[PDB]
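Engineer: The structure that follows is given in the form of structure tokens.
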Amino acid sequence: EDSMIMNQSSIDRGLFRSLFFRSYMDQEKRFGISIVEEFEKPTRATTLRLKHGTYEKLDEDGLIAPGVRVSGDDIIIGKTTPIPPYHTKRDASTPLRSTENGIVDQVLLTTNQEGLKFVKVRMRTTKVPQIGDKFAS
Amino acid sequence: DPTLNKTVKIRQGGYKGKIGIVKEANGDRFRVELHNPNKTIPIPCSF
Amino acid sequence: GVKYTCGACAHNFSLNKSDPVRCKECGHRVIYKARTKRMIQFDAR
Amino acid sequence: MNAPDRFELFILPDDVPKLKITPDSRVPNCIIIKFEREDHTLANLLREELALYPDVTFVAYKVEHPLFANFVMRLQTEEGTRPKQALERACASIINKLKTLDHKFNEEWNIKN
Amino acid sequence: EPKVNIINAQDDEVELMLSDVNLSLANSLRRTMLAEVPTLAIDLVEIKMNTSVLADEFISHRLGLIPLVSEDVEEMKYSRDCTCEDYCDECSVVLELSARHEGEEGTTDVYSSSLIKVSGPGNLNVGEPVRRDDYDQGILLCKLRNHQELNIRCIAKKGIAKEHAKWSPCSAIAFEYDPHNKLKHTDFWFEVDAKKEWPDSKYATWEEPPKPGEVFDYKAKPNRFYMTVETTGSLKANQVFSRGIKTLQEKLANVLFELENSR
Amino acid sequence: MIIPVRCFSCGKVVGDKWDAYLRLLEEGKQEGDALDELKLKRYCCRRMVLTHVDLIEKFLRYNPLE
Amino acid sequence: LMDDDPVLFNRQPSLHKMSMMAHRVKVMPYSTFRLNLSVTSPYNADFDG
RNA sequence: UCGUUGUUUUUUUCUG
Ligand SMILES: [Mg+2]
Ligand SMILES: [Zn+2]
Ligand SMILES: [Zn+2]
Ligand SMILES: [Zn+2]
């Protein structure tokens with residue numbers, strides 16, 4: 001009933017094996033001339049409502065360096081928004097999708113149209129053909 | 001246990017000689033994700 | 001202390017999170033974080 | 001994600017024996033062998049040998065499910081011999097056959113080169 | 001009783017005739033050769049630095065597949081069960097490669113040859129990547145342009161093809177018997193006739209054709225198999241043959257030991 | 001993208017044969033002849049040398065980041 | 001969810017009451033539900049995705 | 001020191 005048996009050794013030799021690229025986009029948001037949003041690693045004491053994941057892979061500058069490994073529920077970007085009135089900072093992180101895993105490949109950092117810091121993260125991983133996949137002649 | 005989130009290797013078992021990082025350390029059984037595949041595995045604190 | 005790289009000149013440098021985000025040598029406006037020093041492994045499978 | 005490890009196919013875990021034997025009550029002098037970490041490569045070879053013996057009444061096996069690497073072998077010899085004796089006899093005979101084949105092939109290759 | 005008759009031999013391949021043995025025996029031999037003949041291949045790649053246009057996993061995979069001279073691998077213990085914390089030099093071999101293109105032009109071609117054994121349980125003849133000839137550069141690993149560098153530190157281990165196809169020493173094992181179908185194990189699909197549409201096997205000469213008036217024989221059994229063997233070069237064909245035989249023998253010995261020890 | 005290492009189907013090494021295949025091609029020999037001289041009989045392999053598209057050289061044409 | 005547990009099982013759209021029955025669970029590896037080829041008929045289902 | 005929360009609204013191209 002339109003289901004097909006594929007040689008396992010063909011897979012092991014890399015048959016139909018494929019790459020996979022995912023990009024995450026974020027930027028600083030200016031909530032005021034004196035009030036803006038910053039990229040950085042938050043501290044539990046100085047911030048509230050932190051994500052259940054872990055931030056350890058974050059750098060001191062608020063980003064994650066390429067060539068490191070990531071996984072689901074892993075905070076790849078640390079952004080903190082000032083709380084409108086210490087302990088006046090709230091998270092604005094960009095956790096990786098809980099159902100995806102890969103290796104951080106290339107981080108792009110620049111300024112948006114408005115001069116605010118502008119970031120992009122591209123994770124990559126390989127998708128091994130397996131049971132349940134789809135193929136068609 | 002303040003010894004979490006530090007890279008750890010394995011010495012005995014089926015995954016001997018593989019790198020990894022502790023994820024959960026409830027006690028007596030560490031779940032360290034493997035860097036080579038996209039999987040996590042448990043292993044006691046002795047290995 | 002964080003290493004960086006440009007997209008045209010490709011000359012490394014670093015920032016202290018305070019310098020405006022531009023290339024120090026050719027003034028370009030695009031930069032990438034350089035590869036980390038930690039080790040990478042693969043099953044080669 | 002839910003893929004089974006490739007090293008689990010042949011490295012038998014300690015808690016489970018390589019081979020498990022059971023009796024078959026429905027008929028006399030019949031046993032059921034539960035193998036582990038094996039496939040047709042061994043089962044078929046053993047079956048072909050055991051079928052040739054005269055004192056073996058019923059020899060059979062089946063790879064229950066390919067996603068699990070093990071097979072079960074049903075063997076019943078006539079009352080004269082207990083099945084286990086026939087099994088070990090077959091194993092020894094096959095080992096001897098293989099040794100003879102190796103000797104002959106070594107000779108042939110040596111003269112060939 | 002079993003007989004062998006090698007027809008054409010060579011370092012990488014063998015075309016032999018094996019007769020007077022159960023079809024099960026020959027087929028199990030083929031399977032064991034294809035599957036359970038331990039050899040040595042790369043099993044951990046650490047990229048200390050890469051700048052090529054190829055994903056790290058891509059290069060790791062390509063490395064995994066390169067054939068290694070695994071002649072004495074029989075003498076290397078399984079890293080899984082080796083007692084040493086981490087990997088000793090007796091449960092693993094370490095290969096290192098680092099090639100870099102320089103100059104604004106041209107394109108370097110990192111070849112398998114560039115791999116260089118660093119350690120290994122010497123003087124065991126294992127680890128060196130296989131080469132067709134003296135000058136054969138070997139496999140093509142990657143291409144590098146200006147200002148592109150590659151630094152990897154591979155690892156190899158002894159594993160069976162069951163775990164992964166990279167440990168397979170046999171390329172393709174031909175197999176056949178009764179080229180004239182005298183046993184009638186097959187019925188030949190045909191539009192007009194079975195003979196004038198079906199090409200004959202290349203061994204048709206080696207056996208007499210069935211006579212026209214001959215009657216079917218029902219007690220006849222397959223008796224002659226015409227199996228060819230090839231290897232990647234990681235092991236000599238004859239060594240592969242002997243090693244598969246040894247593996248089958250010792251597995252059966254293990255089974256017998258378990259049976260007797262059940263009591 | 002780059003010539004494969006082994007023939008998915010069987011396993012015979014083919015990767016190293018790409019350069020020789022090209023070389024034989026430049027001097028006018030038809031593809032069938034080139035494959036024959038390389039001793040590629042089982043078409044399970046021949047399909048690869050015959051029908052590989054080389055893309056890495058296209059990738060190189062981009063000035064590297066570094 | 002251990003072996004032998006009874007679990008409902010449905011396919012959308014569920015035209016007629018045979019379009020959803022209760023099966024017995026048997027945990028297996030890999031990431032696809034598996035069925036006996038016969039019981040597709042009522043589900044009007046095929047393994048093409 | 002357990003605890004521990006993450007948008008709507010449309011439109012779109014898709015799957016059976
Ligand atoms: Mg359908
Ligand atoms: Zn620049
Ligand atoms: Zn060791
Ligand atoms: Zn092939």
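Convention: chains lettered A, B, ... in structure tokens order; per-chain residue numbering from 1; ligands numbered from 1 as shown.
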If you count only C-alpha atoms (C1' of nucleotides), which residues fall within 10 Å of stretch 1-15 of chain H, apart from same-chain ones fewer than 4 positions away, as a list in words?

Structural biologist: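 In the requested form, the answer reads residues 49, 50, 51 and 52 of chain A; 49 of chain G.
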
Engineer: Env of residue A:48: 7 Å cut, atoms = only C-alpha atoms (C1' of nucleotides), seq-sep filter 6 positions within chain, self excluded. Answer as an MDAnalysis selection string.

Structural biologist: chainID A and resid 89:91

Engineer: Selection from above, N, CA, C and O atoms, as a tab-separated table (two decimals), in the first residue's frame, can you write it?

Structural biologist:
chain	number	residue	atom	x	y	z
A	89	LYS	N	14.57	44.59	35.06
A	89	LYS	CA	14.83	44.01	33.75
A	89	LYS	C	14.01	42.74	33.58
A	89	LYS	O	13.87	41.94	34.52
A	90	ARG	N	13.47	42.56	32.39
A	90	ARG	CA	12.64	41.41	32.05
A	90	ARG	C	13.19	40.77	30.78
A	90	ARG	O	13.71	41.46	29.90
A	91	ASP	N	13.08	39.45	30.69
A	91	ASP	CA	13.68	38.72	29.58
A	91	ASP	C	12.95	38.99	28.27
A	91	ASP	O	11.75	39.23	28.25

Engineer: Please check the contacts: residues of chain A at most 8 Å away from chain E, using only C-alpha atoms, listed as a list in words.

Structural biologist: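 Only these qualify: residues 9, 12, 13 and 126 of chain A.
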
Engineer: Which residues are near ligand 4 in this structure, taking near to mean any atom at most 10 Å from a ligand atom and counting only C-alpha atoms (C1' of nucleotides) and all ligand atoms? Format them as a list in words.

Structural biologist: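 Based on only C-alpha atoms (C1' of nucleotides) and all ligand atoms, ligand 4 is surrounded within 10 Å by residues 171 and 172 of chain E; 6, 7, 8, 9, 10, 11, 12, 13, 14, 40, 41, 42, 43, 44, 45, 46, 47 and 48 of chain F.
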
Engineer: Taking only C-alpha atoms (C1' of nucleotides) and all ligand atoms into account, which residues are within 10 Å of ligand 2, as a ChimeraX atom specification?

Structural biologist: /C:5-13,22-31

Engineer: Please save C-alpha atoms of the selected residues as a PDB file, in the first residue's frame.

Structural biologist:
ATOM      1  CA  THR C   5      35.157  39.137  11.451  1.00  0.00           C
ATOM      2  CA  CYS C   6      34.161  41.341   8.528  1.00  0.00           C
ATOM      3  CA  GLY C   7      32.407  40.276   5.339  1.00  0.00           C
ATOM      4  CA  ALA C   8      34.583  42.141   2.822  1.00  0.00           C
ATOM      5  CA  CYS C   9      38.008  42.840   4.338  1.00  0.00           C
ATOM      6  CA  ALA C  10      37.865  39.729   6.550  1.00  0.00           C
ATOM      7  CA  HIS C  11      40.145  41.213   9.214  1.00  0.00           C
ATOM      8  CA  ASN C  12      39.497  40.159  12.793  1.00  0.00           C
ATOM      9  CA  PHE C  13      38.908  42.486  15.728  1.00  0.00           C
ATOM     10  CA  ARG C  22      31.102  48.801  12.237  1.00  0.00           C
ATOM     11  CA  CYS C  23      34.293  47.331  10.839  1.00  0.00           C
ATOM     12  CA  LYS C  24      37.331  48.929  12.448  1.00  0.00           C
ATOM     13  CA  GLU C  25      39.532  48.868   9.321  1.00  0.00           C
ATOM     14  CA  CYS C  26      37.228  49.270   6.293  1.00  0.00           C
ATOM     15  CA  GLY C  27      34.198  50.701   8.096  1.00  0.00           C
ATOM     16  CA  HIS C  28      31.909  47.958   6.810  1.00  0.00           C
ATOM     17  CA  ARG C  29      28.657  47.383   8.668  1.00  0.00           C
ATOM     18  CA  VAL C  30      28.465  43.560   8.730  1.00  0.00           C
ATOM     19  CA  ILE C  31      30.345  41.265  11.101  1.00  0.00           C
TER      20      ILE C  31
END

Engineer: Dump the neighbourhood of ligand 1 as a list in words: all residues within 12 Å, distances computed on only C-alpha atoms (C1' of nucleotides) and all ligand atoms.

Structural biologist: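 Here is the list of contacting residues: residues 1, 2 and 3 of chain A; 11, 12, 13, 40, 41, 43, 44, 45, 46, 47, 48 and 49 of chain G; 15 and 16 of chain H.
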
Engineer: If I take atom CA of residue E:247 and atom CA of residue E:32, how far is one from the other in Å, to one decimal?

Structural biologist: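 These atoms are spaced 7.8 Å apart.
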
Engineer: Given a cut-off of 10 Å, which residues of chain B touch chain A, counting only C-alpha atoms, written out as a PDB file with C-alpha atoms, in the first residue's frame?

Structural biologist:
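Result file follows (selection.pdb):
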ATOM      1  CA  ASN B   5      26.694  22.598  32.854  1.00  0.00           C
ATOM      2  CA  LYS B   6      30.320  21.483  32.538  1.00  0.00           C
ATOM      3  CA  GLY B  20      29.240  15.707  26.361  1.00  0.00           C
ATOM      4  CA  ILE B  21      27.792  18.227  28.788  1.00  0.00           C
ATOM      5  CA  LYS B  23      22.099  18.540  31.578  1.00  0.00           C
ATOM      6  CA  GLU B  33      23.659  14.957  25.865  1.00  0.00           C
ATOM      7  CA  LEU B  34      25.936  13.531  23.177  1.00  0.00           C
ATOM      8  CA  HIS B  35      27.522  16.006  20.776  1.00  0.00           C
ATOM      9  CA  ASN B  36      27.862  13.620  17.833  1.00  0.00           C
ATOM     10  CA  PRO B  37      24.187  12.623  17.347  1.00  0.00           C
ATOM     11  CA  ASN B  38      21.097  14.597  18.373  1.00  0.00           C
ATOM     12  CA  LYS B  39      20.318  12.496  21.435  1.00  0.00           C
TER      13      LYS B  39
END

Engineer: Within 10 Å of ligand 3, counting only C-alpha atoms (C1' of nucleotides) and all ligand atoms: which residues, as an MDAnalysis selection string?

Structural biologist: (chainID B and resid 16:17) or (chainID E and resid 76:93 121)

Engineer: Just need the residues of chain A within 12 Å of chain D, counting only C-alpha atoms, so spit them out as an NGL selection string.

Structural biologist: :A and (8 or 12 or 99-101 or 127-132)

Engineer: Rounded to one decimal, what separation in Å do you get between atom CA of residue E:29 and atom CA of residue E:246?

Structural biologist: 10.5 Å

Engineer: Pull the strand (DSSP E) assignments for stretch 40-79 of chain E out of DSSP run on the backbone, and list those residues as a list in words.

Structural biologist: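 Across stretch 40-79 of chain E, those assigned strand (DSSP E) are residues 40, 41, 42, 43, 44, 45, 46, 47, 48, 49, 50, 68, 69 and 70 of chain E.
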